[PDB]
Structures are given as structure tokens and as C-alpha cells.
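**Student:** My questions all concern the structure below.
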Ligand SMILES: *[C@@H]1O[C@H](CO)[C@@H](O[C@@H]2O[C@H](CO)[C@@H](O)[C@H](O)[C@H]2NC(C)=O)[C@H](O)[C@H]1NC(C)=O
Ligand SMILES: *[C@@H]1O[C@H](CO)[C@@H](O[C@@H]2O[C@H](CO)[C@@H](O)[C@H](O)[C@H]2NC(C)=O)[C@H](O)[C@H]1NC(C)=O
Ligand SMILES: *[C@@H]1O[C@H](CO)[C@@H](O[C@@H]2O[C@H](CO)[C@@H](O)[C@H](O)[C@H]2NC(C)=O)[C@H](O)[C@H]1NC(C)=O
Ligand SMILES: *[C@@H]1O[C@H](CO)[C@@H](O[C@@H]2O[C@H](CO)[C@@H](O)[C@H](O)[C@H]2NC(C)=O)[C@H](O)[C@H]1NC(C)=O
Ligand SMILES: *[C@@H]1O[C@H](CO)[C@@H](O)[C@H](O)[C@H]1NC(C)=O
Ligand SMILES: *[C@@H]1O[C@H](CO)[C@@H](O)[C@H](O)[C@H]1NC(C)=O
Ligand SMILES: *[C@@H]1O[C@H](CO)[C@@H](O)[C@H](O)[C@H]1NC(C)=O
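Residue numbers (the authors' numbering), protein chains in the order written: chain H, 1 to 52, 52A, 53 to 82, 82A to 82C, 83 to 113; chain L, 1 to 9, 11 to 27, 27A to 27B, 28 to 95, 95A to 95B, 96 to 106, 106A; chain D, 521 to 546, 568 to 663; chain F, 521 to 546, 569 to 663; chain B, 520 to 546, 569 to 663; chain C, 33 to 57, 66 to 141, 150 to 185, 189 to 309, 312 to 323, 323A, 324 to 396, 412 to 457, 466 to 503; chain A, 33 to 57, 65 to 141, 150 to 185, 189 to 309, 312 to 323, 323A, 324 to 396, 412 to 505; chain E, 34 to 58, 66 to 141, 150 to 185, 189 to 309, 312 to 323, 323A, 324 to 396, 412 to 457, 463 to 505.
Now the structure itself:
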């Protein structure tokens, strides 16, 4: 039903890091895959990364390769993203979402991440 | 910059008929399905259409759509001022392994 | 006649035992059906011959042994056994005791051979 | 020396009868070989059954109580067991094989009945 | 006792089960395999019966012959052979003389038959 | 005291099931047997022997209906398979010289057949009977293209019935029932032992029984239960009824290569008039013969019971009509004119010809009967009927084994058990 | 003086080989073949004071079982439709309706022109195939076995489900059984018995883990032809089962296509619901305990202070590399590495792949096509042993590595037949006695 | 006197039974003849036994004939069917290195053949001998397209002759005639008993008899009738004539897939010179050998008779020419150079090669012999002749004509006899009951 994205983001200076986290309720977390979608203020949506339900298959979007790392617990019904070496360009609202093949299905909340002086 | 492209605006209608469309290439729309999302300012996107033309639960008959070639479209037969949103298309891309989105089309009912 | 004695009484029918005995033991997919028929005829013949050998009756049509008749198997007298009755009827009368009798005949022969061997030793 | 006695006279040839006795019983071809083997067995057994019927079971030389009929052959013994082979003899009395065998069968049936009666006294 | 129940019994003791072992003998791809198995059981049975016939042991489980024992085949004490030893052991010790013994038994029977024919003649 | 005496050669037997062998006097029946028989065969009457016979559970019947199928499969196995023939056909009706009764029954079909070389096609044509061809929607296909492969029967193989005899294997014997008017079940007071059965022709038919033996005295009626109306009633006549059948045309056979030494035999043109097939039953013989059947049926139904005859219920021709295989052609005869009477000159029965036959009740196999050159005439004896009851009787037919149990009802297979014991006065 | 006495019925025997016949207690192949009734009263005769020599590595009963199974298999496929009209150019795209991300690219949607009832007409049909069944030609694909073998469809009505079977001696022969608990497969066995038929054996085929066999009577047994020669396999028999739960968690549709005159092809149609990966559940704690027992016993031949490590297979074709498993009518190839990653001094959930065109017996000329099984498949089975190989040895490392090498189809049967030997009965013999024939 | 029954009596009846094959210590004969013979034959001489033999009515020949055909049909049973090749061929000639004798004999053909996929086609070419290809009217087809199926022989199966010993089943024995100068019929005063025959190579040839046994002392002539011209004459030499045969080319083979798992073996380009196949018969030896044959023929024709040898009358090559299968190739040889003499340095016989063979003179099937790579050289012994006959001059021709004459010539010494051990005779003995 909900993500209750945990607001693990916040303000960071360039070069620093933030860890975003996401919960799950009404959702058998261990069965479905998941992904992160980023939206810069005033811009459209873009894919950042994704992870399969087994935790074995992981993909990243070009602009965050190397710098970002995605993982899942599967016992605590939670998901997380570690964002290293943050840049000004990464300021956006990050959204936690549940997916199925070739579409996003359950979106919710969203966390503002700001990178600035 | 979006992998897929679409018009920035579709605010040219009232009177129950507007078409929103987008396009890509054979590496994306041509080889896989297309989905559409509705975003109201201030919130997370809602799923409208998935797998080219299936309605998401909770979505009314006001919405439809189709896919052909390397392009696709969203058909809206409502256009009540309730249907005011940024609409996006998305699809799985094979070279960039992920589910990506177009720029987004802003629709305001006249 | 091959089963000509079937309606004769048991005594009279014993006069012609060779008549029945001599008539025993007489490519695609049909070859298998025919080989099976021939192999079976041989196996049945040999099984009976082996059994007579075990009882010490090999080579005889009428084999007199030393196993006493247990009247509980049949309390008919000899007039009824050897006359006024046929072999088909008799086979039914003592059908239930066939294995008992065979076991006794086998036991007797083992004892007889041991006794003969011991006598040859003296 | 399986057929070594073929040129011997009948008397001499009868001294080693075990020589011949021991040589009996010694996917399209699956069937051909099974047929060959089954036949060897059936032929063996038919002769053994016949000897059993005549009361000759277990013997190579079986002396019976059926008299010789000079009609079949009136040849002298000195003319039979010597100066003649078994191949020649077989041809000479070939025509009487069936009758001799029938007579031997009847004699055994009578002999067994007589013994069954004596064993009861 | 059972089909091979006497295997661990000594040679003398095991002579009492000879019928137990004797009576259990002679008991489209697979058409051929089954027929071959059946034919083989029959051929093996008959070869043993033929030898008993030739030696003059037909119809008997225990056959005492008139061929003397040669100590060169075995010089074991008679009490060591009949007791305190099994048939499985004996069979290896006397293995090398099997063909010789069989040949002698055959020679003896041929002489015996001639002598009997001559006695019946007189 | 008495002692056991062992006897070998005791004349006793038990009921048994074994395999009997084929024996006889390029016909497949002669090929199957390959054992000359009837050498002045013996029969031994058994005085004072009563045996129980049951024709409805006679395993000799099951063997006969297993051997015949196997022989048919072996015979068709090496013949050309007409799979190149399952093509779209372009068909029109034959109109050159048609008697009206035949209008629409015979069709002229053109098609593209494979030539010796796989690179070329040829346009050929042949005639087919309507029953062999089904419309696709002038576009037609052969009736069995959607379910089975069609094998052409080899033109050199004859299936014409030759009497065959069944013979016992050693250790077995066949007992024959000589009790005239035996009803098929229960004790038979007069029996004899035989080496082989009499010759039986392996004739296959429906509704009417052809070329069998006749009853000894009266018409005999036999049934598994009689009272259960779901069962068949077999009627054995004591006199034959002669029936004369024909396919009164002049067919030309033509040979088409369909491959490398693979020949298809097609029906070509017709010389002379095209006429309907038919069978002639003497009117005055069908009467009286049927009257005798009625006289005997009444024994189980009542002297005041009206016995009506009526035709079959309908459905597939293989059950509905009389089935006759003669001269190499397959006839389906309406036979309604023979069963229309209430029982308080000649009869002509129209027949149709069918070339693609599902001969045994199987699904994936069918055969094509090549046409028979010229004209066919058949003479045969009706020796009995297969009736059902609902009193109203109908020529229900329905089961091929009933054509043989009607001959095998007199025979039983037994196993001889020569070893036995009895008490006596002697001691070893 | 002593004389020769002839005895017939002497209880002796020799080592021998002979064809054994099958017997057992539907459309099943084993049931049809082993038509001979089983023994309703399987009497066993203890042989007092009999010592016999057994050698499982030379036991021809396994060779017979192997040959007969292959023959039965071929006779079952012999009359089925040959899918040669199917070796065509396929036009394929990926299945994309409800693919979870671990399945992406595994299942393909292929269209082609196939013969209809009439040879004059073609129809456009489509079916789904697994990636392992199809190779690219250069969206132009062909079935993987088109250039080496004919493909024969297995008949959908024929069941290969293993049924216990018993091997029985022909007359004149007997089967001796070894009852010595902890027998190592070779040498003398001090306690034996005579039987007519073997116990039931299920004709199961597997490559790494041995499934549904018998259990060791007391302790884990380790048997090998050589033990010290690293070129040989090591068979391990557990004294307790490890339960394994396998599934192919999808909803398959079977569709029938006529490809000719009564010739039907069974194709895989659309999947209803999500498309998910096949997998096997092995209890984690149970696996850790039985593996520990194996190590305790392995040390008897390797050293009490020798490090024993388990590792996955070396790689190569899936037939050897993975755990091949036949269940529910589908063919599974399970990764297995999660079971062999430990050093000795909840659940595992192994992923599995599904393949439809199978070269089952190690032959080249013929391939079998498994028709899809409609619906969803669940399997529950016992792991009763392992086929391990050793990578080198402790010689100069004081460490040894064992891998789930597999490699011989016969190893799944000799593990049941090691207790049985076939002998020939030879009833005729002679001995001296104190008697003489009186002539 | 009284009847005495004897068992083990040494008496005989003529009989026809099935003999089994046994061999000495890929090949079809080797695979079939699984039973080894015992290295030691029995050879029991029978003193004072005379038997009648008849080589022309000897059913051992019929069995050998039937079994050979059967083995061939089983051997080709699992081999690929070459039906995709019965297509229109576009053919011209092989011209690159042709001597004048091969001109027009070897053709270069191309055609459109199937591939693994049934949707694709490939253009291939191969060479064929003229005898295998006929014109359709540059449009040609294989010679058997309108008559029979063509089965490719499997390239791994060998048909090379291996000596075969025929062995009687228990209850039967084979009597052998050891009488030198035995003519094939009538009484044989010197016989012996064996269980197995000597080895006979299952050689197939026509007109000349190759690799057989030799007569013990002199050339011998045997015939069923002699007088009736309808019958053949078999001549057995007491010395061999050596013949050296070759196919002096350098072939390559290429494998073409015709379908899944199915390969066709085509004849590729010839490397080096293209030459005609031929056989070399020593001239002096041949003339000396015929001189011996003529000397013996005269016994039945007269010392004032002219014995002329001539070539065959004509007909299909199977009867017209000499033939054999050696090195895996089928040769058809002219022979006229051997039979052209009135009878009051090498002989070269030209030959031809044919790949499509109707081996058993049947309609339904024919076989295709895949080409043999490299060059073939064969050396063999001519051990006899099959002659036919038809004033003062008689004419003899190498007529050949029957497959079975290659085997009866090796089986003339053997007869199969059934042993019947039971019989009776009178004596002075009575059973005492
Ligand atoms: C293997 O175990 C897993 C769980 O570890 C089973 O999958 C489902 O897991 C979710 C939790 O993520 C539970 O809510 C479901 O109830 C489980 N399914 C079932 C049917 O119980 C998986 O099914 C097991 N696989 C096998 C073959 O047993
Ligand atoms: C076609 O034949 C080849 C060779 O037998 C098969 O295997 C391929 O071999 C090449 C080397 O020649 C390797 O590079 C490929 O990786 C092999 N392919 C695979 C899948 O392993 C090939 O699979 C056959 N194709 C068909 C459809 O039968
Ligand atoms: C693919 O997955 C979607 C989402 O689970 C399926 O859509 C649901 O279908 C059920 C059954 O008809 C409805 O009750 C739900 O309301 C649908 N829900 C959504 C979008 O939330 C869809 O049917 C699946 N497709 C296939 C072929 O199985
Ligand atoms: C086609 O069949 C004919 C026989 O019907 C084969 O033989 C030819 O027959 C004609 C008859 O007029 C003769 O003139 C020719 O000389 C014969 N040909 C040969 C080579 O002898 C013919 O060969 C067959 N062709 C094919 C390809 O099978
Ligand atoms: C049958 O009964 C009669 C008396 O009616 C009797 O004489 C005869 O012996 C009996 N049996 C046979 C086989 O004839
Ligand atoms: C059709 O009938 C006419 C008139 O009798 C006849 O002349 C003609 O020959 C017939 N056609 C055929 C093919 O027989
Ligand atoms: C043809 O003959 C010439 C002779 O000079 C030779 O060089 C050439 O290689 C030959 N062709 C082939 C294919 O060998």
C-alpha cells in the first residue's frame, strides 16, 4: 500500500553523502522488484537505479554509475540507496517505487535532497 | 535530457478530446511496451496506462491509448478541469537497461 | 483315441496311459508367438518329468510308492475309486490335497535314497 | 571322433554309443537362433520320451521282451552284427520302424500292470 | 530350510537338502530377451540330466558308482570331507579333476551295460 | 492299508487360454498360415463326457479379432502413403452419362501432384465418390486430411477370405460341442476332441452375417442374456438366403507417379453408363426365412406377441448400413427393405461405394482402396442376422466379433494335466 | 577303498552374468514394461556361515539397468510425431508483459510459417521458447538442435514418472544380498542372504545430488572405487534425508497446432500472471548438519587436522555443471552453488533454469522435445546422497577441495545396487564315499 | 531272437537346416559372425563311407545367398535417404585435366538443394559419372528418379569380405568330400566330418571368379548338365592368375548438410590428371591358364574340335561386363581382351566406375556409394571362370549371369546331415521282467 519513504536525505555539501531509505507496508516486500526515480525541480522524471526482488540483478543509470549503490534487506521490509560524491546536479526529489516488468506501479511520498554550499 | 521525446504542451483543448503523444526508436518503444503516468503538481506520479493500453485500477474510461511503430499516444476524452496534469510516457529501454521517461507534456484544460 | 478314456472309469482308463503321454511334446512377429508356444510345451513337459524324478518315478507310467494313503483325503473304498467313477471326477475329489501328497512323496524318496546308500556301504 | 564308427560293423560300432549321445544338445537372427536351439531341444526330448515309454529310460543298450519277426528281416546274426554297418541296416529295415515301435510300447504297458499287481501280494 | 539354506552346513549335513536345490531349477526387444532366458534355463537343465543318464545315475539324487577314488585328486581324510567342511570349499579343491572324473564315470557305465546285456543273453 | 500310486498319462483337463495357430488347405490368409492341414483329420468322440461351454466368453474369438488386425497392419505397412495427395482439390460433378440416382454422387477433382522430381508439379485429375470428399469453402479436401494418414492398399495384395483353421499347440486340445440346438451356454452332453477347428472364413460385415455355417435343424437364436435389451441377438439360419450384389460400371484405373517409384492408383474415366450400386435378395426367400426367425423368437416373447421389424436408428454408415467388402470394393447398403414387417420377385437394396475406409475403429489410420478395373459381381449366402430389441427388432449390428463367435461357439480350449495320484493296494 | 559318488542338488555357485527380468507392483512406461507381478511374499533366506565377495564397481547389474532404461526410453519416443516442419527461421522478440527482473531475456516470443492440414497452405503461428532452446542466426533465430539432430516430440500421454522396480533372477540363478552394515562396496561380506528379487529401486536420473534413494542404516557412508586417485568419483550416502522443495512458479497455457494429418505440436502459449524464476528450497540448518556429518566421515581418509573445503563445479555444459533434475514433466538445471561454499575445521533458495529441447542420453543424432506442462509445478523430494569429486589433494597443502562434479548417469543406480550380486547355481558334483555300486 | 534298442547309433538322413556363422580371430561380416570358431577343426575321417553329393542342389548355397542379401538390407537400414537430390540438374562436363579416354565420362552438375532449415536453399555442385545421370531434354536427372529410392551407404560401414565359416547346430553335422577329382555330383568315396566349414569369403563378382580356392591338382570343369547350352560351366583353376586393378585418380570428398543431422557425400574436384580405370592381367599367365582350361574342355567336346573364346553378347553392364566392388568403388570391366582366341607383356582391360548401384536386381531400392578419397589400387587372384557355350567349332563366352555361382563353387564339398541316434536290431537277449 505505502512506501513511507524515510527521509534519509537532507542537505549535503558537494562531495558528501546521504543514505536514502524506504519501508514497506501492505506489500510482500520480498516478492516484487523496486527502483528509484529522480525528479529535479521543474523537470521531468528520470530513472536512477533498480534492483530485483532477489537482490541479484542490479542496474544503474549512466550519470550515477560508480557513485551510487542500491541494496535491499528483505527481512525488515526495507530498501536503501547510498549516494556518494554528491553533486549540485543531484538536487532533486527522490521517489521510492515498486515495479513490474516494463512499468512503475506504486509510487509514493518522495524525499527532497539538496546539494549546496 | 530524456531518451524519449514528447511535446512540452497539449493545452489546446476543452470539449472532451485531446491527444498526447511521444516517440522513440526501435531500441525502446519499437521493441517493448509503453506506459503513461499522471502527475499533479506537488505529488508523486499516478499510473494510468500500462502495457500499451490497459487501464490501471481506479482509472476511468476517459483515458485510453495505443502503440504503433516506434511511437505511442494517450487519448483523453474527459478534459474536465480535473484532468490537469503533466503527462509522461515511459518504456523499458534495451541499451540502457531500465524504465525511462520522456520529457513530459503539460496539459491544462481550456 | 487321444482322450478316448475320459468317460471310462478310473481302472479301465489306466489301460491306455501312453495314448495321452505320446501326444504331449508333439519371420515378423508371428515367430515370437510360435516360439512362445513351443517353449511352453517343453517347459510343461519337463516340469512333470522332473517331479516324477524327485519322487523316484522316472521312467514309469504307473509308479507304486511307500507313502500310505491318508483316508482324510478321501474315504471312498477301492470299489468306488477304481470303478463306478472317472478320472475327471477324481481330480476334483482330491484337488485340495495335491500339494500335501506331493510333499510326502518327496520326503519319502529322500529317506529311501539315504537308506540305500547306507546299505551299499555294508 | 563323432561319426568315427560310421564305417564299422554294427557290433563294433555299438561299443562307443556315448560318442554320439554327447554331441546332442551342444533382430532377424534373434529368431533364427532361437529356432535352432528350440529344435535341438525338441528333437532330443522326443527321443527320450519314446525310450521312457518303452521302459528304456537311462540306458544306451535296452534289452526288451518283444521277439524279432523274421518277416522284418531274416538275416542271420553272423550276417547282421558283422559284415554290415548301421547305415546299411537302417535302410534294410526302414519300412518296419513304425511297427516295431508300436510293439515295444504295448509290451511296456503290460509289464507295468503286471508289476503293480505283484507288488500288492 | 530355504533354497540355499544348507550352504553353510557341512557336506554331510547338506546332503539332506538335495531336493530343495533341485526343485528350484527349471522354475518386441524383450520378447527375445525373455525367450533367451527361458531357453537357457532348459538347456542347462538338460545337459545335467544327460550326464546323469550317461553315468547310469538317472532318476537319482544320490548315485553310488563303481569308479574308485584316486587319492591324487584328493587325499583328505574321509571324516574331513564329510564333516568339518562345506560344499563350497570342496568344489574348489576338486575343481582340477572334474573332467577326469566325469570321463571315468562314462567309461565305467559303457562296460557295465555290455556286461548286463551279456548276462541277460545267458 | 492303502498306498499312494502315481499315474502319468491320466486323461484329465482344465479350462485354459493359450495361443492357437493358423493352418489351411498373394493372399494374406495363405501367407499367414503356411501350415498345410486337413490331412484326413481325426475326431475322437468322448463317450459319457459332459462339458460346460460359453460362447460369450470364448477366448478363441478374442484371438481371431487380434490376429486379423495384426495381419492387416502388416499388409499395409510397406505400401505408399498418400500424403502428397492431401491438397486442395478443385471439383465439379461428373455429368457425361448419369442416371438420375447417381447425380451428385460421383465427383471430378483436379489437383497439383508432385512429379518424380521434387522441382516439378503436374496437374492431374481423378474421380472420387462424394463420401470421400468434403467441402473446404469448388474447393474440397479429402475427408480424412484433418485426422489421419491415408495408406494406399497395395494392388497386388488380396484380402479375399480363405477358410482358416485354428489348431491346438502340444499339450492342449480343442473340444467340440456336437449337441444339436446348443443355445451357447451351459452343459453340452455330447462332445468330441479335435486337432483343429473346421475352416472359418474371416469375413467382416455388419447387420447381416454372410458366408457362415448353417444351423443343423431349425433357426437358432442365441443371446448373452436374452432379456437384457441392450444385448445383441444372433440369429443363425438353417437355410441360406442368396444375395446378388453389383457395382454395374466400367472403371478405368490410371497410374500416376507421385514420387520415385511411388505410384498412386486413381479412378479414371468410365466407359458406358454410370449407375447406382445395388443388391438383389429374392423376395420369396427373404419371406419364410424371416417367418422362421419369428416363429423361434416367439419362444422367448410369447405366442400372442406381435413381432415387428424395422430399419436401423441412424448415425454413421458403418453401423447404420449393411457393410460389405467384396471384389475389392466397399459397399454400404441401405437394407431398409428387408426390415419392414409386423408379423401379427425381388427386393432391391441401393448401395453406395466409399474408397477411404477407417477399417478398424482407430483414429490415426485410414486406407485408400484403389479402384477395381471393370465391373464387379458378387454372389453370397446370408446365413444370419445381428438383431437388437426395443416387440420391435432392428438390424442393429455394431460389433465385428459377433461375426466370428457365431462359428466358434462350438469350440473350447482345454489344457491337459496328465499327472495324478490315487490310492491302491500295492506297496513299493 | 573309497568310490566316487555323484550328488545332484549340491548347494554351490559361481559368479555369473545373465539377463535379469523386471517386475513391479495408467500410461506409465515403467508400469507397462515391468508387467510381471512383483513378489507378494519376498522371502529372504539367511545363509548361516557364508562369506562372499562383492564389488560394486564391477557389478554388471548397473550396466543392465542402464541399457534397459535407454531402450525403454527410445521405444516410448519411437512412435511420436517428429518436429521437422518446425526447423524454420523464427522471428523472435522478448516476452514483456509481467517480467520480474531476474527473468528478463529468458523467455522469448517466436513467430513462424508452419504447414497446415493441407500441404498447399501455411499458417502463421507463434509460441514461446526458453532462451536455452533457441539460438540466433543473424531478430532471426532457429532451434538450437537444427544442425545436429532430429527433434522428436515426446507424447503428452506418456508418463516417465519413476516407479520402483525390482530385478528378479531367471531360473537357475540367484541374487545374493550383502547385509553387512557399513559395507564399503568391495571385498568380503560376512553376512549374506539369498533373495529372488531385489528391493524396489526408483529409476531416477540426476547429476549432482542423488534424489529419492535409500538411506544408510547408521552413519553416513562414503564409497569410492579408488578413494586416493583423484580421477575417481566419491559417492556419499546420507543416513538422513535432506528435504528439497522445487518449483516452476508460473501458469502455462498449452496450445495445440496441427502440423499435418493428425500430427499435433504442443506449443507453449501465454503465461497468466507474473513470470518468475524457477527455484529450489533446501533447509539451511539441515543442509549444514548433514554436510557436517559428511566432513566427519571424509576425514577418515584425509586427516583429522586437514581442512575440508567445498566449492562449486568448474563449468562447462549444464549437463555436468548444474544439478539436472527431471520433475513434473519439466527439465530443470539448478545452479547449486549455494550448497557448496564452506570451510570445515531459514533457507538457501537456489535459482534454476528450464530447458525444453533435451539431448538426454549422451548421443548426438536425436533430441527430445518436452511439451509444456499446463499450470504450475511443485515437487518435493529427498536428497539421499552426493556425487563428489576431489580437486587434487592435501599432499602439499593440508587442504582439500570437494566439488559436486557429477558426470556418470550410472552413479545414481550403483548406489542402490551395491548390495546385490548375481550368481549361477551349479547343482552337480562328486565326492568320495564308503560304498560301491553293486552290479 | 529279440528286439534290442540302441541309442547313439551312427546313422544319417539328408536334411535342410539353418546353419550359423562363425568368424576367425565397422565391418558387417565381423559384426554379424559374432561366434568365433574353435581354431582346431575336427576333421574326422570316416573310414569305409561313401556318400552322394550334389553341388547343384545344395541348399547351403541358398542360405548363403539369402543371408548376404539380408545383411546388406540391415546394414543400409539406418542410412540417409537421398531423396532431396532427385531434382533437375544443370550439367556440362569436367574439362580441366581430361585424357581422351575420359572425355565425356565425367560430368560437373549443379543444383538447388535443401539446408538445415526448410525455408532456405543452397546452390551446390558435385561430380557424377555419366552412367549415373541421364538427360531430361543441359537438363539432367539421376538415373533412378522414376524407378527407385536411393539410399546412401554409410561411409563408416565396411563390406570388405571376411572369411565365413558355416557351422551346424547340435544334432546336425557337415560332411565334407575329400575326394580329389570330384566333379560336383554322384558318390564321393572319401569323406570326413566337421562341425564348421573352412572359411569362404563372401565375394561378389560376375564373369570371373575372384579370391576363391584352387583345385588341388588340375584345372577342373564342373556343370549341372554339360550338354544343355542353357546351363553354365564353372571352371576352377589349379593356379591363380594375378590381376592388378586401379582407379588412378585423386578424389576428395565433401559433406553437405541436406537436413538436420543428415549429410550427403559428394564427389569433389579431382586433383591431378583425370584417367580411366583399368585392370592389368599378365599376358603369359593368362594364355598358359587358358591352355589348361582348353585341355580340360576337350574331354567333353573331342580332340578334333576347335575351342574358341569370344566376348559376351551384350545387355546391361551387370551381365555384359566383369564386375567387382573393391576399395569401396564399383568397377565394370570390358574383358574382351581376355577372350579372343581360336585354340585349334600385360593385357590391359579398360573399366568404368558407377556410383548408383542396383545391387540385388530389385525395383524398390538402389544404393549410392559415397566416393572414396585418394586413389584406389587392388590386387586380387582370378581363381575361375563362369562360361557359357553355344560343325567343328564350339564357342565359349564369359557369360556370368548368376550371383550364386560365386558361392556354390566353394560349397561343392559340403553336405548337411541330420543325425538320428535311435534304432533297433535283433540279438540273443531277453529282458527279465
Ligand atoms: C521458498 O521459500 C520462500 C520464502 O522464503 C517462498 O516464497 C514466499 O515468500 C513470501 C515472503 O517473502 C511469503 O509471504 C509467501 O507465503 C511464500 N510462498 C509460499 C507458497 O509459501 C517460496 O514459495 C518457497 N519455494 C518453494 C518451492 O517451497
Ligand atoms: C551449429 O553447429 C555448431 C558446431 O557444431 C554448434 O555449436 C557452436 O560452435 C561454434 C564453433 O564452431 C561456437 O563458437 C558456438 O558458441 C557454438 N554454439 C553454441 C550454442 O554453443 C551450433 O550450436 C549449431 N547450431 C544449431 C542451430 O544447431
Ligand atoms: C500483469 O500485472 C497486472 C498488475 O498485477 C495485472 O492487472 C490486475 O489484474 C487483476 C485481475 O484482472 C485486477 O483485479 C487488478 O485490478 C489489475 N491491476 C492493477 C493494474 O493494479 C494484469 O492482469 C497482469 N497481466 C497478465 C497477462 O497476467
Ligand atoms: C524412366 O523410365 C524408363 C523406362 O520406362 C527408363 O529406361 C528408358 O526406356 C526408354 C524406352 O523408350 C529407352 O529408349 C531408354 O534408352 C531407357 N533408358 C536407359 C538409360 O536405358 C529411364 O532410364 C528412366 N529414367 C529415370 C531418370 O529414371
Ligand atoms: C458309458 O456308459 C456305458 C453304460 O451305459 C458303459 O458301458 C461304458 O463303459 C461307459 N463309458 C465309456 C467310455 O464307454
Ligand atoms: C455416353 O452415351 C452415349 C449414348 O449411348 C454413347 O454413345 C457414349 O459412348 C457414352 N460415353 C462413354 C464414355 O461411354
Ligand atoms: C591440371 O594440370 C596442370 C598441369 O600443369 C596442374 O598444374 C594443375 O594443378 C592441375 N589441376 C588440378 C586441380 O590439380
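Built from N, CA and C at the ideal position, the CB exists for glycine as well.
1. Are the C-beta of residue 661/B and some C-beta of chain E separated by less than 8 Å?
2. Suppose you measure from the CA of residue 67/H to the CA of residue 37/H; what does that come to, to the nearest Å?
3. Which whole-angstrom value is the C-beta distance of residue 661/F and residue 605/D, which I expect to be below 8 Å?
4. On the premise that residue 489/A lies in contact with residue 46/A, defined as a C-beta separation below 8 Å, what is that separation, rounded to the nearest angstrom?
5. Is any heavy atom of ligand 2 found at a distance shorter than 7 Å from the C-beta of residue 442/C?
6. Would you tell me roughly how many angstroms separate the C-alpha atoms of residue 52/A and residue 34/H, rounded to the nearest one?
7. Can you say whether residue 227/A is buried or exposed, counting buried as having 16 or more other CB atoms within 10 angstroms of its CB?
8. Taking residue 45/L as part of the beta strand (DSSP E), name the residues at either end of that continuous run.
9. Put residue 271/E into one of helix, strand or coil per three-state DSSP.
10. For residue 25/H, list the residues DSSP reports as bridge partners.
11. According to DSSP, is residue 436/C part of a helix, a strand, or is it coil?
12. Check whether the stretch 332-349 of chain A touches the stretch 412-426 of chain A, taking contact to mean three or more Cβ pairs, one atom from each stretch, closer than 8 Å.
13. My output table needs one value for residue 159/A: the three-state DSSP class, helix, strand or coil.
14. How about residue 198/E: is its Cβ closer than 7 Å to a heavy atom in ligand 4?
15. Should residue 569/B go down as buried or exposed, given a rule of 16 or more other Cβ atoms within 10 Å for buried?
16. Name the two residues that bound the continuous beta strand (DSSP E) containing residue 249/C.
17. For a test of your reading of the model: does the CB of residue 527/D fall under 7 Å from any non-hydrogen atom of ligand 5? Yes or no.
18. Compute the distance between the beta-carbons of residue 44/H and residue 87/L, then report whether it is under 8 Å.
19. Determine the extent of the alpha helix (DSSP H) in which residue 643/D is found, giving its start and end residues.
**Tutor:** Short version:
1. Closer than 8 Å: yes.
2. Taking the straight line joining both Cα atoms gives about 13 Å.
3. 5 Å
4. Right, the Cβ-Cβ distance comes to about 7 Å (below 8 Å), so this counts as a contact.
5. Residue 442/C Cβ: outside cutoff for every heavy atom of ligand 2.
6. Approximately 59 Å between the Cα atoms of the pair.
7. It is buried - the Cβ of residue 227/A has at least 16 other Cβ atoms within 10 Å.
8. Looking at the DSSP string, the run of the beta strand (DSSP E) that includes residue 45/L is 45-49.
9. strand
10. 2/H
11. coil
12. yes
13. strand
14. yes
15. exposed
16. Taken as a continuous stretch (DSSP letters only), residue 249/C belongs to no beta strand (DSSP E), as it is neither H nor E.
17. yes
18. yes
19. 639-661
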